[PDB]
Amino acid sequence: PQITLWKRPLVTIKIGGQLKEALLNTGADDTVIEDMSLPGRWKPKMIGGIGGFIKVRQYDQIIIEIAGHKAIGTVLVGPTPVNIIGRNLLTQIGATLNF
């Protein structure tokens, strides 16, 4: 699709069998999702946002559907205002910015 930006670019994602809402976020390198159970091990990651740096859980090679497109990659889990899909997964679904 072509998504205009008059409203928040919210899409439906599917991860761990659960449907959630997430924001398509070109301003984030990484993908951050609110607390949930994911399979396998995690490793520590520090990420920086507008308020500063926080610690999150990094799960690699997670299967996640994003607006109907399958991606498999790194998902960070931690305290976020909204689930955010970052460039690591936007590139997998073939997303570009155009004007």
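Residue indices: 1-based, along the sequence shown.
For the pair 77-85 and 19-27, the record assigns the higher mean C-alpha temperature factor to 77-85. Legend: mean Cα B-factor per stretch from the PDB entry, 36-44 versus 55-63; the higher mean is in 36-44. Compared with the other modelled residues of the chain, the Cα B-factor recorded for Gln2 ranks in the highest third. Sorting the modelled residues of the chain by their CA temperature factor places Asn98 in the highest third.
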